[PDB]
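Some notes on the structure that comes next.
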Amino acid sequence: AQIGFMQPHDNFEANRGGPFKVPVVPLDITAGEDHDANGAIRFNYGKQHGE
Amino acid sequence: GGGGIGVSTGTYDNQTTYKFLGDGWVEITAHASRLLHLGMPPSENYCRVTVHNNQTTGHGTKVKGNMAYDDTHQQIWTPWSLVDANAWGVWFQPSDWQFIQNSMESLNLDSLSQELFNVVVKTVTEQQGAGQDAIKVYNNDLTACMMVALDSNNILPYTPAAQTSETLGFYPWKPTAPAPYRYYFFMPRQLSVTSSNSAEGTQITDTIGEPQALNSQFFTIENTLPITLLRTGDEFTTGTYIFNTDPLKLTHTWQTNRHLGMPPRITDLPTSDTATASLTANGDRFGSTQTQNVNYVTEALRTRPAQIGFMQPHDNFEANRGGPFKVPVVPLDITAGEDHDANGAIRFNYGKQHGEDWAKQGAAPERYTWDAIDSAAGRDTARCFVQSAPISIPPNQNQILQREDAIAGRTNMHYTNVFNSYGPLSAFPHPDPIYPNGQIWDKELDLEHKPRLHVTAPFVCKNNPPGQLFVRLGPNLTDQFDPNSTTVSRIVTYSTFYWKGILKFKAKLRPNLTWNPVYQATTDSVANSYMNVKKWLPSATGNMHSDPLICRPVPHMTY
Amino acid sequence: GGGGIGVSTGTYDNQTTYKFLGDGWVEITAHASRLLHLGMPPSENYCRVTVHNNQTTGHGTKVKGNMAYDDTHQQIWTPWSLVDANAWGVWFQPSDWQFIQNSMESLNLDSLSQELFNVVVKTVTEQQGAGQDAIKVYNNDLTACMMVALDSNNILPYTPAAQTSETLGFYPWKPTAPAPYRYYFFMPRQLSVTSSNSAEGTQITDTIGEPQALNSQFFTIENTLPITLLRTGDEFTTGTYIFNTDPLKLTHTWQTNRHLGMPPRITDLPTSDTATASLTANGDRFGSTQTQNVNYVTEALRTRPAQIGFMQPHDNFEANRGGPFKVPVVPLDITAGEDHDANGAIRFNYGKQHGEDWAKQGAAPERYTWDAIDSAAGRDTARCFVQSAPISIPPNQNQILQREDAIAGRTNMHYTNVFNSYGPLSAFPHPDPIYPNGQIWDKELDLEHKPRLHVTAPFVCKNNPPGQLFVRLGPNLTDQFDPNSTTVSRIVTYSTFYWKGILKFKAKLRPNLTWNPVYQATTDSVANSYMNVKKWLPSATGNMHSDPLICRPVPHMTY
Amino acid sequence: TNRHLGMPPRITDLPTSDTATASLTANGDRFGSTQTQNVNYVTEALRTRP
Amino acid sequence: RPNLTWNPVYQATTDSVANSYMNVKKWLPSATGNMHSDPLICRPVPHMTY
Amino acid sequence: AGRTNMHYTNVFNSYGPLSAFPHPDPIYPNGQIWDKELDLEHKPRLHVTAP
Amino acid sequence: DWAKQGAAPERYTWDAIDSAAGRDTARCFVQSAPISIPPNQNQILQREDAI
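In structure tokens, the structure reads:
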């Protein structure tokens with residue numbers, strides 16, 4: 340079988356509600372360090388939450 | 035006592051009953067009864083028939099670019115006819131559909147039973163009067179029979195008549211006819227791909243093949259099915275079929291990926307009713323995105339649980355041993371861009387029996403385009419775009435791919451044509467039930483990997499579909515008969531009979547939790563309005579017409 | 035309740051069912067239902083009718099050498115007609131036959147039952163219109179009857195319709211007709227033997243005699259059988275007949291006398307794949323022969339357990355009080371020499387009802403030559419020879435008798451024509467079942483010494499055959515009737531009715547013990563191939579044709 | 290294939306000879322459903338399939 | 544398998560034709576005992592999808 | 442389409458019947474533990490934001 | 391085949407017996423919406439076109 344798969348990036352689809360980036364299954368960025376391709380998550384938080 | 039020519043073998047019931055069981059559950063029993071007509075087949079033979087549109091002119095397939103006009107196929111033509119009740123308009127009044135759409139959250143199939151009764155066979159005789167005007171005489175043939183076959187095991191190719199608009203009529207007081215039964219037969223079909231700009235020296239390959247041993251299946255009703263013979267006192271019953279199917283939502287979803295989850299916090303409330311609130315600067319704002327190149331969070335870049343709707347290739351034509359065909363498309367919201375082919379809007383063609391206006395003249399059928407009621411899962415293609423990683427906001431022209439861009443140097447080809455965004459994260463609603471003209475249920479393809487849904491019907495039977503019901507008139511033979519001759523002489527004969535059927539449903543009344551009033555399906559008195567009641571009322575001369583009614587008027591919350 | 039003109043008295047079932055009982059045993063129930071037609075006899079009398087072909091020219095029997103054209107006989111012509119279901123093509127689809135031939139080692143008859151139902155009698159009336167064109171009017175005669183007689187005791191001469199190709203049609207959706215019943219009546223028949231070289235002064239004795247007291251038997255249906263009268267609400271059943279018969283092998287034998295027993299030992303194995311091994315010199319080799327004059331053993335001279343196949347006289351014409359007839363021949367492999375008459379290949383002639391191509395034009399029937407599937411028991415006549423004892427190897431011309439030698443000074447006469455090698459050691463397989471056109475079962479001759487087999491059918495009934503089923507329309511009389519007059523005036527009348535029958539079989543699935551794959555009966559897509567599927571499929575206009583299918587594709591080991 | 294699914298279109302008449310090819314009701318007049326709305330006709334290639 | 548068709552069905556069979564892929568000589572030993580086994584067709588009989 | 446930085450890998454979707462991949466990784470401290478399922482007839486195989 | 395000589399292995403290409411689900415690629419094409427029949431060269435994408 341196929342382990343992992345290619346994913347469109349950075350895909351922006353639009354509906355009656357405006358443009359949005361299509362989410363991406365988080366996967367290994369490998370050696371090429373491809374984040375958007377493999378869906379690395381970048382989150383932003385304050386001191387209450389561990390800043 | 036038990037039988038005779040002068041007693042009726044069944045009752046005419048076309049009324050729809052509502053049984054309210056409690057806890058909001060509704061048993062809906064739809065009775066439908068129709069006067070059915072039958073006539074002798076043009077031939078008593080099984081015929082293996084080819085259609086080939088190599089006309090070199092007009093719409094023919096030897097003209098460059100007409101690939102999508104291909105009708106080429108081959109079929110087994112049978113003397114048998116098909117009684118097919120599967121459409122919504124058979125089973126409900128326009129008001130019944132309204133009451134279910136407004137008051138019910140969900141709907142599901144329960145059971146089906148069918149009957150044939152009061153068979154009448156007549157023969158036609160010429161009678162010669164003065165003035166060289168022959169009048170027809172109509173005589174009961176009391177001993178004549180009608181042949182009836184039910185396929186319970188679904189041995190025969192499954193052949194829904196709703197897709198050709200051949201189902202029983204939608205008007206209970208109008209006589210109707212069964213459809214002549216036919217099924218595809220494998221034929222090799224090869225057709226080249228050309229455009230109207232193709233070179234003049236180009237030769238189009240348009241070819242059909244000979245029957246193939248590995249693919250050839252010829253079935254006959256007589257060898258595969260038990261056949262009942264109905265004389266005028268005889269009656270036929272299919273028994274009761276039990277549906278095993280998934281319930282159908284009578285509500286639609288409005289939420290897109292922009293509408294999922296926690297909205298961002300507004301800094302302050304608006305100052306006036308015309309004012310617009312602001313958010314914490316995107317550089318300072320909490321949240322998560324899957325684009326790391328930029329250090330900010332925006333409503334468009336926020337990570338969402340999943341993908342609502344997906345992009346679909348259009349208009350995709352794939353070819354096999356059987357010729358070119360357009361790949362079907364999941365019906366979805368055409369949105370604001372009014373993208374039909376992209377989102378798979380269905381356009382169906384039908385006649386007066388099925389709700390075309392009777393006052394309308396000409397051979398042209400009534401045409402209607404059904405757009406999905408769902409406003410969540412569609413895709414506006416002009417507003418879609420793709421950017422390169424690492425994401426650069428704003429992108430330059432080389433860093434973005436947008437619909438005006440030409441694929442393979444073809445002006446009107448855009449990546450959105452070949453782009454398939456379907457994946458593990460895609461989530462969308464089921465196809466919408468279409469009234470009157472839509473197919474209620476459908477057979478499941480027999481393959482190891484089955485599709486998630488069918489485009490053409492809301493309900494798919496989990497094991498075996500209801501059996502198809504076949505009828506024909508037998509040969510009525512004259513005194514001159516040679517069994518070794520090819521040409522039979524037979525008496526002119528036709529029959530009429532009554533079909534009744536009973537279709538049961540499980541419905542559940544909808545909850546009302548909103549403050550604001552809800553969108554409902556209503557008729558109006560406004561002139562030229564689509565919902566003007568004059569359309570659902572008879573005319574002066576009795577002309578009827580029934581137009582598609584909205585379904586799923588009430589929204590529900592996706593998440 | 036129990037009867038009436040408006041109810042059906044039976045059901046149409048023509049489907050074939052397979053019941054797998056376990057341990058490889060299969061119950062095969064073949065249902066067959068056919069719309070049957072009947073019409074008034076040309077005469078209501080029993081007629082004693084003579085055919086005499088003394089035409090002096092053409093094919094007549096007063097021409098020298100035309101002895102084998104003799105049709106001369108005498109028959110009782112009866113007003114009754116015969117419903118005869120005995121042929122293979124009545125009971126099976128071409129695919130059913132394939133599945134039995136590929137998957138089954140053996141087959142045997144179990145039971146037979148028959149029914150007649152939905153009798154419809156109509157009268158024809160002339161109706162005079164303008165233009166001197168009379169149109170026919172078709173009216174139900176509700177009180178008219180059809181006469182039905184079953185002979186369970188087999189009093190009447192047994193008259194298989196498969197041999198004249200008069201059985202019911204092979205196509206379930208095509209109307210068919212019963213055969214008019216007739217039986218031979220003893221007449222003296224004397225015909226001289228001449229050749230085309232016979233002297234001009236030669237007088238041919240061609241003579242028929244008067245009825246003979248010792249041999250005369252005239253039977254009538256009415257005096258010998260109970261007769262049921264069927265009106266339109268009446269139904270008729272034969273009950274269930276039970277076959278007592280020997281099973282039939284669905285496999286064929288390849289082993290000749292050269293293939294029996296221990297092969298001789300090879301000295302060494304071959305050196306290469308193209309090499310041929312050698313045996314110990316025949317003078318030194320162990321073994322036994324029945325020729326003592328020579329002191330050596332060869333594969334041809336080895337003593338074998340028995341004789342597989344035997345020589346048969348051909349073409350033998352024996353004469354009795356009833357005229358010349360060709361002696362039948364056990365069907366056997368025509369081998370490589372393609373010797374048909376020697377090995378008894380059967381050539382049968384049939385019409386479109388029975389599987390001639392419907393597209394074919396002309397009065398000429400379809401002709402087919404059936405060769406036995408067995409490759410063991412045949413006899414290549416050109417390769418046969420006889421040598422004198424004490425055996426001299428090599429023989430001179432006087433010590434050997436070979437096929438080119440002329441018997442009685444007649445160039446084309448050879449000893450193989452008159453040579454009968456049948457004896458206590460002869461062993462051969464049973465005649466092969468022929469589909470569709472072959473006869474399934476047959477009556478046993480009533481004589482004290484019975485033949486080992488019949489040529490024309492696989493199954494012979496051990497005690498009594500299934501009863502023959504007779505039908506006729508009675509006289510429909512006008513108002514003018516004189517019982518003392520010879521000329522009756524009667525109403526033009528015909529009937530239609532449905533015949534159904536149920537034929538059960540015991541089959542057993544075949545063992546598979548070989549390494550190599552086995553020969554199977556398969557259709558192919560190759561153009562002009564005999565097995566091309568296009569032959570078993572309908573045409574564009576609905577033309578069908580069914581051609582003989584191979585039987586016994588799988589070999590088994592004789593010894 | 291997808292061309293072989295469902296109800297075939299009705300032939301106007303049966304073929305005249307075994308070499309003849311039957312015709313269908315003109316695609317502009319023919320009943321059926323497609324997912325391409327820009328054109329007002331139904332063809333075997335454009336028919337909606339399950 | 545059930546047999547419901549009128550026409551005969553495609554079967555997997557060996558043949559005697561020279562150079563044919565299904566020629567029995569391939570499934571038989573040679574003079575020196577050489578064997579070879581080649582892929583055999585599977586699924587010769589069709590069934591109806593829909 | 443003659444766009445220097447656009448590559449087929451941007452629009453390429455290899456997902457198919459043969460694709461096999463693990464579930465999204467639980468993120469501590471900041472990750473969401475559980476999530477509601479979307480109410481739709483065809484549901485996604487996973488959510489990106491929660492295990 | 392045992393009679394065969396050399397170190398080269400036996401090679402065989404298995405084609406699926408299924409005649410339903412395949413895809414003839416030269417005969418496949420994509421057209422632009424709104425569909426124009428017949429398309430001009432810019433309104434159709436066919437296999438001879440270069441990506």
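Chains as they are written, first to last, in the entry's author numbering: chain A, 340 to 390; chain B, 35 to 593; chain C, 35 to 593; chain D, 290 to 339; chain E, 544 to 593; chain F, 442 to 492; chain G, 391 to 441.
Just so it is clear, CB atoms sit at the ideal spot from N, CA and C, and this is done for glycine as well.
N-terminal and C-terminal residue of the beta strand (DSSP E) that residue 56 of chain B is part of: Residues 50–56.
Give a yes or no on whether the minimum CB-CB distance between residue 102 of chain B and chain E is below 8 Å. Using a Cβ-Cβ cut-off of 8 Å, residue 102 of chain B does not count as an interface residue toward chain E, since no Cβ of chain E sits closer than that to its own.
With 8 Å as the C-beta to C-beta threshold (strictly closer), list the residues of the stretch 362–382 of chain A near chain F in chain order. Those would be 362, 363, 364, 365, 366, 376, 378, 380, 382, in chain order.
Taking residue 598 of chain C as the reference, give the member of C:505, C:450, C:53 with the closest Cα. Because residue 598 of chain C is not part of the residues shown, which for chain C are 35 to 593, the question remains open.
For residue 301 of chain B, which option in B:293, B:316, B:80 has the closest C-alpha, if you only look at C-alpha atoms? Ranking B:293, B:316, B:80 by Cα distance to residue 301 of chain B puts B:316 first.
By DSSP, does residue 134 of chain B sit in helix, in strand, or in coil? DSSP places residue 134 of chain B in the helix class (H, G or I) of the three-state scheme.
Do residue 128 of chain C and residue 549 of chain E have their beta-carbon atoms positioned less than 8 Å apart in this structure? Judged by beta-carbon spacing, residue 128 of chain C lies within the 8 Å limit of residue 549 of chain E, meaning their Cβ atoms are closer than that value.
Entirely enclosed beta strand (DSSP E) segments - the stretch 413–489 of chain B, minimum 3 residues: As summarised for the stretch 413–489 of chain B, the continuous beta strand (DSSP E) elements at least 3 residues long and confined to that stretch are 414–421, 434–436, given in chain order.
Pull the bridge partners of residue 541 of chain C from the DSSP assignment, please. Paired residues: C:60, C:141.
In three-state terms, what does DSSP make of residue 101 of chain C? DSSP places residue 101 of chain C in helix when its eight states are reduced to three.
Residue closest to residue 185 of chain B, alpha-carbon to alpha-carbon, out of B:504, B:42, B:237: Nearest C-alpha to residue 185 of chain B: B:504.
I'd like to know if residue 306 of chain D contacts chain B, where contact means its C-beta is closer than 8 Å to some C-beta of that chain. Residue-level contact check: residue 306 of chain D does not touch chain B, since none of the beta carbons of chain B fall below 8 Å from its beta carbon.
Near residue 175 of chain B, what residues of its chain come up, given a Cβ to Cβ distance below 6 Å and the 5 sequence neighbours on each side ignored? Correct list, in chain order: 155, 157.
Quick one: what does DSSP say residue 375 of chain A is sitting in, helix, strand or coil? Assigned with DSSP and collapsed to three states, residue 375 of chain A falls in helix.
Cβ of residue 614 of chain C within 8 Å of Cβ of residue 246 of chain C? Outside the shown range of chain C (35 to 593) lies residue 614 of chain C, about which nothing can therefore be said.
Determine whether the beta carbon atoms of residue 425 of chain G and residue 328 of chain D lie at a separation below 8 Å. Yes.
Check whether the Cβ of residue 463 of chain B lies closer than 8 Å to any Cβ atom in chain E. No, residue 463 of chain B lies away from the interface with chain E (no Cβ there is under 8 Å from its Cβ).
C-alpha gap between residue 469 of chain C and residue 386 of chain C, whole angstroms: Counting only the Cα atoms, residue 386 of chain C lies some 15 Å from residue 469 of chain C.
Over the uninterrupted alpha helix (DSSP H) stretch that includes residue 123 of chain C, give me the two end residues. Residues 122–125.
Taking the beta strand (DSSP E) that residue 39 of chain B belongs to, which residues open and close that run? Counting along the chain, residue 39 of chain B falls outside any beta strand (DSSP E), and DSSP gives it neither H nor E.
Can you check whether the C-beta of residue 445 of chain F is within less than 8 Å of a C-beta belonging to chain A? Output row for residue 445 of chain F: interface = no.
Taking the alpha helix (DSSP H) that residue 16 of chain B falls in, what are its first and last residues? This structure cannot settle anything about residue 16 of chain B, because the visible part of chain B is limited to 35 through 593.
Mind checking if residue 303 of chain A is an interface residue toward chain B, Cβ cutoff 8 Å exclusive? Not covered by the structure: residue 303 of chain A. The range shown for chain A is 340 to 390.
Chain E contacts made by the stretch 184–195 of chain B, where a contact means CB separation under 7 Å: When CB distances to chain E are screened at a threshold of 7 Å, the residues of the stretch 184–195 of chain B falling below it are 189, 191, 192, in chain order.
Using a Cβ cut-off of 9 Å, which residues of the stretch 549–562 of chain C contact any Cβ in chain E, in chain order? Within the stretch 549–562 of chain C, the residues whose Cβ lies closer than 9 Å to any Cβ of chain E are, in chain order, 549, 550, 551, 552, 553, 554, 555, 556, 557, 558, 559.
For residue 181 of chain C, list the residues DSSP reports as bridge partners. Per DSSP, the beta-bridge partners of residue 181 of chain C are C:263, C:506.
I'd like to confirm the pairing. Which residues does DSSP put opposite residue 285 of chain B in its beta bridges? B:588.
Is the shortest distance between the beta-carbon of residue 590 of chain E and the beta-carbons of chain G less than 8 Å? No - not a single Cβ of chain G is within 8 Å of the one on residue 590 of chain E.
Looking at residue 362 of chain A and residue 454 of chain F, is the spacing between their C-beta atoms short of 8 Å? No, they are not a contact pair.
When Cβ atoms are compared, which residues of the stretch 120–131 of chain C fall closer than 7 Å to chain E? Listed by position along the chain: 127, 128, 129, 130.
Can you give me the C-alpha to C-alpha distance between residue 509 of chain C and residue 400 of chain C, rounded to a whole angstrom? Taking the straight line joining both Cα atoms gives about 37 Å.
Would you kindly work out how many angstroms separate the C-alpha atoms of residue 377 of chain A and residue 482 of chain B, rounded to a whole number? C-alpha separation (whole angstroms): 31 Å.
Per-residue contacts from residue 398 of chain B into chain G (C-beta, under 9 Å): Neighbours of residue 398 of chain B across chain G, judged by C-beta separation under 9 Å, do not exist; the nearest C-beta is about 18 Å away.
Counting only beta-carbon atoms, is residue 216 of chain B nearer than 8 Å to chain C? Output row for residue 216 of chain B: interface = no.
Supposed contact pair residue 136 of chain C and residue 410 of chain C - C-beta distance, whole angstroms, cut 8 Å: Your pair residue 410 of chain C and residue 136 of chain C does not check out as a contact, with CB atoms roughly 21 Å apart and the cut at 8 Å.
Under a Cβ-count criterion, where at least 16 other Cβ atoms within 10 Å of its own Cβ denotes burial, should residue 408 of chain G be classed as buried or exposed? Burial call: exposed.
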